[PDB]
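Peer 1: Compute the structure for the input listed below.
(5 chains)
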Amino acid sequence: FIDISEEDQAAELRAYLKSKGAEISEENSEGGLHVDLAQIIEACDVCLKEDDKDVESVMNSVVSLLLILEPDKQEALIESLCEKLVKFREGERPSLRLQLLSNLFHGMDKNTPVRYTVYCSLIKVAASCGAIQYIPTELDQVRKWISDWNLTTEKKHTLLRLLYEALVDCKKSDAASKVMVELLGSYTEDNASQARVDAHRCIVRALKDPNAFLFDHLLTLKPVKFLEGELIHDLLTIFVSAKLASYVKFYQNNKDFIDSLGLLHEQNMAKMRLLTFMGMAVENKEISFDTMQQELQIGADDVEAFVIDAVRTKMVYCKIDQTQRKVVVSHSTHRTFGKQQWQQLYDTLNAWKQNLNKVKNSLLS
Amino acid sequence: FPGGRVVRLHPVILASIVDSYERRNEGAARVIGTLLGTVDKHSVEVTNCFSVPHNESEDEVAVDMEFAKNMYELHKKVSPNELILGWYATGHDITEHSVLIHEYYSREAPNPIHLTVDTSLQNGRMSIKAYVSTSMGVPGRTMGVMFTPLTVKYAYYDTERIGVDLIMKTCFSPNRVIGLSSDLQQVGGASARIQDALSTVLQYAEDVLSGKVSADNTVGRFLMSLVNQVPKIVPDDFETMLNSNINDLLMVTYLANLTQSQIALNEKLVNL
Amino acid sequence: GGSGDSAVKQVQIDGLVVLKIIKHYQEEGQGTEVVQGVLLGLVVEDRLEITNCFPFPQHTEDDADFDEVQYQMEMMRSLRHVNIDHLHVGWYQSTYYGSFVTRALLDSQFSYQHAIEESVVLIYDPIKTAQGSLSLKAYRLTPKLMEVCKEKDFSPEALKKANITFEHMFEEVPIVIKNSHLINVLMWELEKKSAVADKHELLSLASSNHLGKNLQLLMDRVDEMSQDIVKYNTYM
Amino acid sequence: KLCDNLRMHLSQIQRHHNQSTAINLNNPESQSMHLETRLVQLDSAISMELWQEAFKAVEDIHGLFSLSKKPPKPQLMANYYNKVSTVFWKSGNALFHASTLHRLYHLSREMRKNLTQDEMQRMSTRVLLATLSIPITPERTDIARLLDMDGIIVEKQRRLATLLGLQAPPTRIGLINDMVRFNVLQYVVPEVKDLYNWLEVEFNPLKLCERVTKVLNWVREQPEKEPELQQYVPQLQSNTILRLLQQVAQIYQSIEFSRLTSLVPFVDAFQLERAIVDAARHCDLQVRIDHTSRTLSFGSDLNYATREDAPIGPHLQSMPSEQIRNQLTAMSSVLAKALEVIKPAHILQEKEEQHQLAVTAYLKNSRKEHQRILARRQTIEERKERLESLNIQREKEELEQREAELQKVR
Amino acid sequence: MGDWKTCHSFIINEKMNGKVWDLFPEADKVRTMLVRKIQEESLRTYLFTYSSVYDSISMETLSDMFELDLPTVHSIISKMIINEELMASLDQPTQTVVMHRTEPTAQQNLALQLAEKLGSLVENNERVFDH
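Peer 2: Numbering: from 1, shown residues only, chains lettered A, B, ... in the order given. Sure, the structure comes next:
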């Protein structure tokens, strides 16, 4: 490139770097410098003039990128320029411009706006590699602060909604979907109209990935303790279909959008997980083969085949005996109060056992 | 995608910088040296480091580069793996004399990575910070620069991580190499008592008014994850098997007392 | 005080030294009886501070032939230029299996101890002995044996010297029991690591469960010990 | 004649009497010795001696090729000789087959890069032959050899493998793992590639037999399909059953023998049960085979040591179950409770904020001591240099002093 | 390894191929005798190795799999239990062997106990050299 350990005059040195592109860059450099050295007015040429016909302006751009952040209103300056990158439709040298700033340095993150602008630009400019770097940083930043002013948060929720379906990996899509559901299910977009549209999407998201169990994710934290059951959502209908365990319950309760595509295969996958858990959970815990054939409504060897991928899922998890003691342990699935009451029983057990064994090991250390 | 973006470090590399700084050879303020390792794609693996004769002053830099080559040969005979990755320096970050530190590195021609080691009495100051130069001039004057930030994380050898865990317990207070199983059992009982206190608070938060929402099917899966592993299952057949194994382990332990006593009977006959 | 026999003093070993040994591990030649290197230190308060170490890198594969003098000479030139001088107070080994004394290393210790009284030989025994109490052992040799050095021979020398009686199960020097006052930097690291780096601490602990379920460790160590006990006892 | 000709050849190389590698004098002599040994080895000879002379010839040639720079056509001939070697090693030593085949695929890959080779169909059959043949290494049944110390056989296997140029013999899981990371996996034939997908990742044990049997018969049909591949099918078929049996032993506790036979279609019922019995006899899985109503039990947790492990670690991906082993109960009890507390617990965060305050209280005092310790340590460092060095003179001076004194009292 | 049909094949085929079966008109008588000895001692090695895991054994499977009559199988098993003095309960009427001799640790314990016994034997040998 050329050096920036020339005697600053940094604005003038960067102006002198405009007069090394197309002719139009030079005229408003030198004829700008005949009026003022300026700040924003001098910088406007880098935003308005193009990176010629391919993006090898990156090294002079890095010098320009720091220069605009400190003297005035950084966020307004940095939410400019970026849409030129998206229009260009090359990603690597544009990503290098975004990567140099990143966040948490050089005039800072905000408060979130500078971080939002680089992240928003990166989603528009560049695919999975840039986004996957951003998400763990965003997650551990969220547990240090999250916005008082909702519109900053709503800008982020909208980016996460665009991003999760643009992550072309099903389980990174599931992970990004869960982060979007946790934030919406926590605070902001409540604003119940915004919540309704993503609540209807959450029912579709649960049916979309057969890894999403049935109602378990909604039950687990705030979402079921935040969204109405019957009012508009149709939310408890899925919870009723899950309990009453049958093709007939889905056939009664299903709806045009999901059965058109449609939900035929997924009902059998749902039936396999729910009944195998429910029998073992109630009986209580070592179910006969003969019962399991009647419950699943399939052959003996078909029950064993269902047991293999129940074991691969790890919804049940020990060695399988021939006719009795068929599927045991794990118990990973939801059970509401029948897991809360189990925890209260376990606390009583833990408190007796840990104190008593600590007393024995405190006579033997 | 651009190259190096995450840097993997480990406590031996940090320990080598601290040792070089403290033993002492007047190195009380600005101490500079060379870091070594290998790379994969967007990752840098830093596996060792060593200091060189140096100066940094307004405006001077000295690096004994000819020592650095001999140090590299000795290091390359010690480790066929290790390659030079960059330079480390004690803070403050981004002194202008870094341009001269880049020029000394420039002679030998690989990419540089820069590690700043902090010393501040501030918990929120990060201890070691990583940067790579960008713009990056060269044929105008020398090597003017701006810095792109890199993220430092832990991951080399597990025995080093288990050993640093033990060293971190020694940092709290010794902690010493004969108690280990008992020390672990006390850490586990100390942790189990925190769980009893935590679950008592988590339930009582629900009883008092409303609580436990983040601790609902989440904690109910953690407690099940514990219970499924230990004690595994529950029936009479399995505890009978466990007690039979305790008797065999006791029998092996008893036979080991008998072997040691027979070695003692041989020892006592041949030392009279 | 920390004084032992002759003029010797108890060993104080840095945790920085332990990390430097762990970097040069026990791999790139797992089965191979390589004596790893020298220990450097100085006479301090009540004790010997072992401040440093460096490895001696020989012609290692399964084979492991000895190596050039100028590696030690250039390393001890280089080490002095960064910090203090080549004050060499012992040597260290891991290396293969659980704690064993291959016989010519006793002669090597005897030759070293005749040259330097104030010296400790360090044996490191971690996962390969099942990690595992007494995982670092620091041993010195007997003065009466050193006093009559050289030599031992086959039956002359030995018949005269061993019937003056020399001790040979001997002083093991206890290591950590107080602060070095270098903990400070590691302590500032500790509160952060923990912190938002919790993923690393949890993963490091979780490696143990994978190791403990997978490895047949009690049977495995008993089989190598049974093999070792039968080899040496049948030879004796 | 081959043994004495090799003694003459090595003696001629050791003369250097107006002779060197630059005129390629070694190359027709080595080419003859390779062709003569290779034909005698195929037609009939005693196993040991042909290999003993051939390995010594290979060590010289590897030296000469490294010294003279690596020559492409003699290395290509060495690749052709190595294909004869892999077949002989599948008969005599699976570890040597694994190192030679990996070397053959490496050297032939470098020859394709260096010289260009457009023989696409032949490359496809040779890659499928390589992936299917390579991991098939049984365990050691030589009981007298174990007693008389296996380590000497291992010493020769390690040195012969270093002589071959691939260090120590490759182990079963790592050999699969790095072969998968090689971009030759991309080039593998569809039926064989999806056979790999069935054998490695979609390893459903009640559907493996449905998938494999058709592909196993197809690779056993001989007109164009490499004669080596057809003789590797029964060992591949047995290795498939062995991998399946260890997975079944980790998923089933007990099974009827009638149902067990139904799940594994095979050439004969007697050979099938005899194969299950043979693995049970050797102990490549924990089983009790027979009972009065003829039912088989793998059991839980029972002998979760060498006999379940087979013998040092499973031959498949991580669906082995949670069986109890040394320290595991204590480690899982501590780790689960630690994970539950460390991940989100406010009382632990509160403890840490108090601990961080205590660390800062120590550190804020420590900087005052670091300033004082600098003056103490600089004073110590300078005078430690001089005091220890002055003594390090004496511990040498006294040796000369002892002789000088002992030369004054005689 | 213990495959008896494989053991027969290596001994019989390669001694026809080498001109060594031909020599005596009793060739098939000797082959039949060697075949039966290989069947008996393969069954013997099978029981010795797999008594390391066998709880119990059916005797039909032993008869069919080693291609032998029940009198020969009863004769093989009874002599093995009777003259190595094994703690195994044989039922000839119900054709069933029950034993439960397992184990991996018990083998290491026996090997250590043999090694310790050779310590006491040498300890008392040194005394009989001394006196």
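Peer 1: wait, does the helix or strand containing residue D:394 contact chain B?
Peer 2: Counting by DSSP states H and E, the element that carries residue D:394 is helix D:346-406. Yes - Helix D:346-406 reaches chain B (CB under 8 Å from any CB of the partner chain) through D:347-348, D:356, D:359-360, D:363-364, D:367, D:374, D:377-378, D:381. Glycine gets a C-beta too; all of them are placed from N, C-alpha and C.
Peer 1: who's in contact with the spatially most central residue of chain E?
Peer 2: With distances taken as CA atoms, centre = their mean, the residue of chain E nearest its centroid is residue E:44 (2.3 Å). Counting by CB atoms under 8 Å, 6 or more residues apart in numbering or on different chains, residue E:44 touches E:76, E:80.
Peer 1: quick one: it is in a helix?
Peer 2: Yes - the assignment for residue E:44 is a helix, going by DSSP: H, G, I helix; E, B strand; the rest coil.
Peer 1: And it, how far from chain C?
Peer 2: Distance, residue E:44 to chain C, by CB to the nearest CB, to the nearest Å: 27 Å.
Peer 1: Next one: that residue from chain A, what distance?
Peer 2: Distance from residue E:44 to chain A, counting by CB to the nearest CB: 32 Å.
Peer 1: Relative to residue B:7, how far out is that residue?
Peer 2: Remark: distance between residue E:44 and residue B:7 (CB to CB, to the nearest Å) = 64 Å.
Peer 1: what secondary structure does the residue lying farthest from the centre of chain C sit in?
Peer 2: Farthest-out residue of chain C from its mean C-alpha position, per CA atoms, centre = their mean: residue C:196, at 35.8 Å. Here residue C:196 is recorded as coil under three-state DSSP.
Peer 1: Next up, phi/psi of it, please.
Peer 2: Main-chain torsions, residue C:196, degrees, to the nearest 10: phi -100, psi 20.
Peer 1: do you know how far it is from residue A:221?
Peer 2: In terms of CB to CB, residue C:196 sits 21 Å off from residue A:221.
Peer 1: you'd agree residue B:168 is in a helix?
Peer 2: Yes - assessed with three-state DSSP, residue B:168 lies in a helix.
Peer 1: Now do the same contact list for the nearest residue to it once chain neighbours are set aside.
Peer 2: The spatially closest residue to residue B:168, leaving aside those adjacent along the chain, is residue C:190, at 5.5 Å (CB to CB, 6 or more residues apart in numbering or on different chains). When contacts are counted by CB under 8 Å, 6+ apart, residue C:190 touches B:168, B:171-172, D:359.
Peer 1: JSON lines for the residues you listed, including neighbour count?
Peer 2: Listed next are these as JSON lines, based on neighbours: other CB atoms under 10 Å in any protein chain shown:
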{"residue": "B:168", "neighbour count": "20"}
{"residue": "B:171", "neighbour count": "22"}
{"residue": "B:172", "neighbour count": "14"}
{"residue": "D:359", "neighbour count": "22"}
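Peer 1: I'd guessed residue A:22 sits against residue A:52; true?
Peer 2: Yes - counting by CB atoms under 8 Å, residue A:52 is a contact partner of residue A:22 at 6.4 Å.
Peer 1: for chain C, what spans make up the strands?
Peer 2: Assigned by DSSP state E, the strands in chain C fall at C:10-13, C:37-43, C:47-55, C:59-60, C:64-65, C:88-93, C:120-124, C:136-139.
Peer 1: Quick check: the residue of the stretch 51-200 of chain A nearest chain D.
Peer 2: Taking CB to the nearest CB, chain D has its nearest neighbour within the stretch 51-200 of chain A at residue A:143, 9.8 Å off.
Peer 1: and that residue, how many neighbours?
Peer 2: If you count neighbours by other CB atoms under 10 Å in any protein chain shown, residue A:143 ends up with 9.
Peer 1: In chain D, what residue lies closest to chain A?
Peer 2: Nearest residue of chain D to chain A (CB to the nearest CB) works out as residue D:253 at 3.9 Å.
Peer 1: what about the nearest residue to that residue once chain neighbours are set aside, neighbour count?
Peer 2: Once flanking residues are discounted, residue D:253 sits nearest to residue A:319: 3.9 Å by CB to CB, 6+ apart. Residue A:319 sits with 22 neighbouring residues when counted by other CB under 10 Å.
Peer 1: next one: residue B:51
Peer 2: Neighbourhood size, residue B:51 [other CB under 10 Å]: 21.
Peer 1: Give me the phi and psi angles of the residue lying closest to it once chain neighbours are set aside.
Peer 2: Excluding its sequence neighbours, the residue lying closest to residue B:51 (CB to CB, 6+ apart) is residue B:33, at 3.5 Å. Reported as degrees, to the nearest 10, the phi and psi values for residue B:33 are phi -160, psi -170.
Peer 1: go on, residue B:6?
Peer 2: phi -130, psi 140.
Peer 1: I'm done for today, thanks for sticking with me.
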